[PDB]
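# as a preliminary step, the opening chains of the complex are given here in situ:
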Amino acid sequence: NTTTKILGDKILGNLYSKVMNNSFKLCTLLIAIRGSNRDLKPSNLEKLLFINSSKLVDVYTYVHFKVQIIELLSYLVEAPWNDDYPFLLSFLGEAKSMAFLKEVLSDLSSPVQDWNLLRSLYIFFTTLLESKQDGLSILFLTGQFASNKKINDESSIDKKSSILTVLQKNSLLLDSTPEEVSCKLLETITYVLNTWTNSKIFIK
């Protein structure tokens, strides 16, 4: 929440965050490399996941830190997370909350009227545009967030099993910056506009 969050010490903030901030980049290195696929991984896939890490948030009443919050979610998505979405947003810490996360798609410029050169632009795409599937792709770039659900009918109305109604979004995450994460899905999406019969409900 905020306890002892002061305009004396703002020095503790470069401590309190920056512990788990190391843990961030140790993971999201593995996907960022792009050109030489996979690196050293601790096990850390299993770790740092779900409702968790996020609890640092509320500095939005006072500064010990005030830009170190923004990091987590952008980092904490990994390449195997083109099939499922662990819950790095959905519930967050007491009171106030990250919400400068779609102001990483744009400028951060909505409070100030001038662009403050917000870092994350990079690492935000490192995992937005290189990690597929409902999760970061029902929240940013079409959708509304409550992952692994999107049926426009067009595909089975059963709870995903036939998958062509969701590829329509993930096809705009298949860009050249992706290596192998894209390079089988690029064959899956060929179907959607394939002339045999496919473009008769698949052009949504």
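Structure's in. What do you need? Numbering: from 1, shown residues only, chains lettered A, B, ... in the order given.
# wait, what's in contact with the residue found closest to residue A:29 once you drop the neighbours it is linked to in the chain?
Distance criterion C-beta to C-beta, 6 or more residues apart in numbering; nearest residue to residue A:29, sequence neighbours excluded, is residue A:39 at 5.8 Å. To be clear about C-beta, it is placed using only N, CA and C from the backbone, and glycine gets the same treatment. Contact analysis of residue A:39 by C-beta atoms under 8 Å, 6 or more residues apart in numbering lists A:29, A:30, A:33.
# measure the residue nearest to the last one when sequence neighbours are not counted to residue A:91 for me?
Looking back up the chat, that one is residue A:33. Counting by C-beta to C-beta, 6+ apart, residue A:33 lies nearest to residue A:39, which is 5.7 Å off, once chain neighbours are set aside. Applying C-beta to C-beta, to the nearest Å, the value for residue A:39 to residue A:91 is 31 Å.
# quick check: residue A:18 vs residue A:24, distance?
Residue A:18 is 10 Å from residue A:24, by C-beta to C-beta.
# ditto for residue A:4
For residue A:4, the distance to residue A:24 - C-beta to C-beta - is 25 Å.
# just give me the neighbour total for residue A:62.
Number of residues near residue A:62 (other C-beta atoms under 10 Å) recorded here: 14.
# who are the contact partners of it?
A:2, A:5, A:6, A:7.
# ok, now with 10 Å
Counting by C-beta atoms under 10 Å, 6 or more residues apart in numbering, residue A:62 touches A:2, A:4, A:5, A:6, A:7, A:10, A:13.
# kindly report the same for residue A:59.
Contacts of residue A:59 (C-beta under 10 Å, 6+ apart): A:2, A:5, A:10, A:13, A:16, A:17, A:65, A:66, A:67, A:68, A:69, A:96.
# dump the contacts of residue A:62 to TSV, plus distance to residue A:173 and neighbour count.
Output for the contacts of residue A:62, formatted as TSV (distance: C-beta to C-beta, whole Å; neighbours: other C-beta atoms under 10 Å):
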residue	distance to residue A:173	neighbour count
A:2	37	14
A:4	42	9
A:5	38	18
A:6	43	12
A:7	42	8
A:10	38	15
A:13	34	18
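# can you count the residues close to residue A:139?
20.
# gap between the spatially closest residue to it that is not a sequence neighbour and residue A:136?
Leaving out its chain neighbours, the residue that sits closest to residue A:139 by C-beta to C-beta, 6+ apart is residue A:145, at 4.3 Å. If you measure residue A:145 against residue A:136 using C-beta to C-beta, the figure is 9 Å.
# build in chain B:
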Amino acid sequence: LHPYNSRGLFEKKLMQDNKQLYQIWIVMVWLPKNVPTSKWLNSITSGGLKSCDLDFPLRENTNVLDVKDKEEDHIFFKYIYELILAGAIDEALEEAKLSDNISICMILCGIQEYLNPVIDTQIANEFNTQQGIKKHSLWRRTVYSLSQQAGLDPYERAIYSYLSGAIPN
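That brings us to chain B, laid onto the chains above:
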């Protein structure tokens, strides 16, 4: 389950073996400040203080310490009364702790029944240490004396009613 238990497994079996009480419990349960903490400086200097604690407040006047946390015993307790019918008490613990209280917040750890690997056997495994009070009934009748305490103004006690079952205060 059966054979010999603390008070923790009794309460579980209670809720198990009826379902109109279990629903009744679920109804009542279903429906941000920045505070630097510390006291006891300003108190000794004007007059007496003589021992540090918020039990000095209870031997006499509740004006004896800082009076901008006399503020907090009204106000953050009002937040707590919205919270308890939004469910939980450990929620209310986390806000009691910002209220500049740190020994009157022990009363919200008091509300726990004994959960132990010495006396429960299916609560010996999601805990590997002692939790709560095993004198929880003497806790209940002693936090119920505060619900009527007339030195306690209504903006403290109304949650102390509720911690022992709510008289409408």
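# now that chain B has been added, could you go back to the contacts of residue A:62?
Going by C-beta atoms under 10 Å, 6 or more residues apart in numbering or on different chains, residue A:62 touches A:2, A:4, A:5, A:6, A:7, A:10, A:13, B:34, B:36.
# how many other residues sit next to the closest residue to the fourth one other than its chain neighbours?
Which is residue A:6. Distance criterion C-beta to C-beta, 6 or more residues apart in numbering or on different chains; nearest residue to residue A:6, sequence neighbours excluded, is residue B:36 at 6.0 Å. Number of residues near residue B:36 (other C-beta atoms under 10 Å in any protein chain shown) recorded here: 13.
# ok, residue B:36 to residue B:87 distance?
According to C-beta to C-beta, residue B:36 and residue B:87 sit 29 Å apart.
# just the contacts of residue A:62: which are in strands?
Using DSSP state E, no member of the contacts of residue A:62 falls in strands.
# the residues you listed: which two are farthest apart?
Farthest-apart pair in the contacts of residue A:62 is A:13 and B:36; separation 14.9 Å (C-beta to C-beta).
# beta partners for the residue in chain A that chain B sits nearest to?
As assessed by C-beta to the nearest C-beta, chain B sits closest to residue A:2 within chain A, at 3.6 Å. Here residue A:2 sits in beta bridges with residue B:34, going by DSSP bridges.
# so what's it up against?
By C-beta under 10 Å, 6+ apart, residue A:2 lies in contact with A:58-62, A:64, A:94-96, B:32-36, B:98.
# run the last query once more with 7 Å
Applying C-beta atoms under 7 Å, 6 or more residues apart in numbering or on different chains to residue A:2 gives the contacts A:58, A:61, A:62, B:34.
# residue contacts, the residue nearest to residue A:60 when sequence neighbours are not counted?
Of all residues not flanking residue A:60 in the chain, residue A:96 sits nearest, at 3.9 Å (C-beta to C-beta, 6+ apart). Residues counted as contacts of residue A:96 (C-beta under 7 Å, 6+ apart) are A:57, A:58, A:60, A:61.
# in helices, which of those appear?
In helices, judged by DSSP state H, none of the contacts of residue A:96 are found.
# quick check on these: which are buried?
Among the contacts of residue A:96, those buried by neighbour count (16 or more other C-beta atoms under 10 Å in any protein chain shown) are A:57, A:58, A:60.
# can you give me the distance of the second one to residue A:65?
To tie it back to what came earlier, the one meant is residue A:58. 11 Å.
# just to revisit the earlier point, closest to residue B:116 among the contacts of residue A:2?
Taking the contacts of residue A:2 together and measuring to residue B:116 by C-beta to C-beta, the closest member is residue A:58, at 34.3 Å.
# export the contacts of residue A:2 to CSV and append columns for distance to residue B:81.
Below are these laid out as CSV (distance: C-beta to C-beta, whole Å):
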residue, distance to residue B:81
A:58, 22
A:61, 21
A:62, 26
B:34, 21
